[PDB]
Structures are given as C-alpha cells and as structure tokens.
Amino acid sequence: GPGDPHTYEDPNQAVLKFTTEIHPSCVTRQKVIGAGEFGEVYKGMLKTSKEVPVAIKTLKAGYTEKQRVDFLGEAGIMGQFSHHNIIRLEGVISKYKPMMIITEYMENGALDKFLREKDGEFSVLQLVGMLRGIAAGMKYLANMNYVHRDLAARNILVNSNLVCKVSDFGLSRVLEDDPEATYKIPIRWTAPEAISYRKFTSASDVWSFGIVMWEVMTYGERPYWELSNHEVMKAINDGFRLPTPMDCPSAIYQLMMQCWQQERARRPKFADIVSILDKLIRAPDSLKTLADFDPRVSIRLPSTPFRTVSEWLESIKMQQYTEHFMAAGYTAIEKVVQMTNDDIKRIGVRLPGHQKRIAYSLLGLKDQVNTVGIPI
C-alpha cells in the first residue's frame, strides 16, 4: 500500500514477492489479440481454485536471459499495485517455457486505436470521464512513488465497460518503438526537463498526461504529426504548444496548458487533476464553452504568480530548503516577501551561494506581489 516500502529496482525479487506462479495446466491460450515487444499476446481463459477471461503476454522463443528478466519484471512491478484504473495482474509463469504474464482481459485494447476506431461516436462528457479514470490511476501511481515515464494513449487499455487503465510497467524501457535517442525517450510525450536532463518525476508524468488529454480529445490524432522529431525538440524547448482540439471545452484545453507548463513546479499534481475533472463532471454545463478551434493552426507560439512557497523554491532549484521554510512559519508568499537575509540564514540556509540566489529571487518576488495592472 501507499507509504509502505516498495520494490521498483529489483525485478527478480519483485517477481518472487508480488506475483503468483500459475501452473501451465490452468491456462488456455485462444486467439491472438496483439503483438508485444517480447512476443505475441493472446486472449485466453484461466482456471482458479470457474474460468476467467484473461490476456496472456508471452516471451518469444530464443530469448536472452536479459529479455526474460525485463519481461517478467513488468509483472513484478504490476503485482504491487491494486487500483480500479491500473491493469490487474493475475499471475506469471516463470518455471516453464514459454514465459507468461497473465492479466485481466481488456476487450477494447489500446485507447488510441480504440478512439480512432470509434471516431466521433462519444460525447465530450464521456471523453472527460475516460481522462478522469486515467488521472485517478496516475494519482494512485504517484501516491505509490512510481514514475511511469512512458504515459501515452497507446499504453492505456480499455475493457468492455470502457474503463481505462494504465499499463506498461518496468524499468529500462527503451524498447518502445516511438522513443528515439537523444542527449531514447518518446519525445512527443516527454517533458522538457526529462529530455534535457533526464529528470523523470511525477510532474513529467503530468506533462505526458496533458499530451494524453490532447490524444483523447482528438480521437487519437498523433501529437505534432506535422513536425519531425527535431522540430518537436525545438518546439518544446522554445515554448511552442499544441493547439486546441476540435470540440474541446475551454477548461480542458486550459488544463492541458497547465500540464504543459515549462517550469514543472507550476504543473498541477495528479490529485489536483482528479479533483478538477470531478468538478467539471459534476457540473457538465462547464464543458459547453469550447476553445476557439482554427483548422489552419498546427502549433501555438510560445507563451510569455506562485501559489505555494514550495513552488517558488523549486522555481529556483532550492526545494531542499522547503521543509525549513514551513517549520519556521513562512508558509505563505506574502509572508516570505517580508523576510530579511538574516531570517533566511537562521532557518538553515548556510551556503552563501544559496543565500544570494534566494535573496535575488526575493527581489523579483517583491516586484511581482507589488505589481498593479487594473484596466479602466
């Protein structure tokens, strides 16, 4: 559960501890439903001690032990999760060939392919509900201190009741074909700081979630499809952003833009995203106002106010002092603007460089708070 110790960096141990070894005789492989990286994927039935329908991921013959470890490690990770919007693991087969990962059956398959199949056949409210489910799954993952690093519509599965669940777990996931090498990551879904500095956090997952929102509201359009990967690199590094989908509520596109904030600290947390989507869903009239859709627009020009002290500290990469600011009562912004350099020093900022950085930032923050701009 959340808060308990996790095993995200030891695949074999996670397989031993958090997966159920299933006897091959209890598995019935039926039709082929897809092709994974490590082998074919089948639909089948599993007998437990009544038969239940399941998805069966197999490991190709002639595999290397490294591929076997990476394959079963996904199940080792999946077995630690229990949530409505996270793909559920039934078990594994590691003792006998072929290696198998057995999960719940998701009849409608990948979300992007599903939405392209059902182009325009859902209401806006239903799409928002799909996004809310994905966001709830991601909130659970963030609360489990698990960074997905590869959140995308193609990695969201849909069952016969249209429940959307996050899938695709593991560690060294350079395997996906969309990722391309740089400085191997799916650049069209990856936050700027994660492409430049490989800083993968839940905030970069929030960026990816904004991209997923775009994918859902467009019914599976490829992000930046007009642009090459190099042009996408320039676009994201310079502040260009995707335009609004057609028939997209203004609040949803604004949420997208919030997920795409250049500074990761300003992006909302997944808990905030779930709450926001819940509020929109309970008052569906809030979804009637649409963002201006221009079919000729393919990309938005770069865009040109802190709520928490932690947001401002992470802005200047001084988050390591955040706890020290709260513990001394400096919990508001209009209270940190009333700080002297000695107050900064006593709460535990000793390095002169950090003192200088914080002081220079406080000057600009005082400028911000005292700004007046009221149109007459």
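One rule holds for the numbers: they count along the sequence shown, beginning at 1.
Visitor: Please count the deposited residues lying between residue 183 and residue 184 that the model leaves without coordinates, and give the class: none, 1 to 3, 4 to 9, or 10 or more.
Guide: 4 to 9 residues lack coordinates between residue 183 and residue 184.
Visitor: Quick one: classify how much of the deposited chain lacks coordinates between residue 49 and residue 50, choosing none, 1 to 3, 4 to 9, or 10 or more.
Guide: The entry leaves 1 to 3 residues without coordinates here.
Visitor: Give the stretch, out of 306-314 and 26-34, with the larger mean C-alpha temperature factor in the deposited entry.
Guide: Stretch with the higher mean C-alpha B-factor: 306-314.
Visitor: Check the entry's C-alpha temperature factors for 279-287 and 141-149, then say which stretch has the higher mean.
Guide: If you average the C-alpha B-factors of 279-287 and of 141-149, the larger mean comes out for 279-287.
Visitor: Name the one of 350, 60, 68, 57 with the greatest CA B-factor according to the PDB entry.
Guide: Answer for 350, 60, 68, 57: 350, with the highest C-alpha B-factor.
Visitor: At the C-alpha atoms, which of 270, 225, 197, 122 reaches the highest B-factor in this entry?
Guide: The C-alpha B-factor peaks, among 270, 225, 197, 122, at 197.
Visitor: Lowest, middle or highest third of the chain for the C-alpha temperature factor of residue 94?
Guide: It belongs to the middle third of the chain when residues are ordered by C-alpha B-factor.
Visitor: Ranking every modelled residue in this chain by its Cα temperature factor as given in the entry, which third contains residue 19?
Guide: For residue 19, the deposited C-alpha B-factor lands in the lowest third.
Visitor: Taking the entry's C-alpha B-factors for this chain, is residue 41 in the lowest, middle or highest third?
Guide: Lowest third.
Visitor: Among the chain's modelled residues, which third holds the C-alpha B-factor of residue 136?
Guide: It falls in the bottom third of the chain.
Visitor: Relative to the other modelled residues in the chain, which third contains the C-alpha temperature factor of residue 297: lowest, middle or highest?
Guide: Residue 297: CA B-factor falls in the middle third of its chain.
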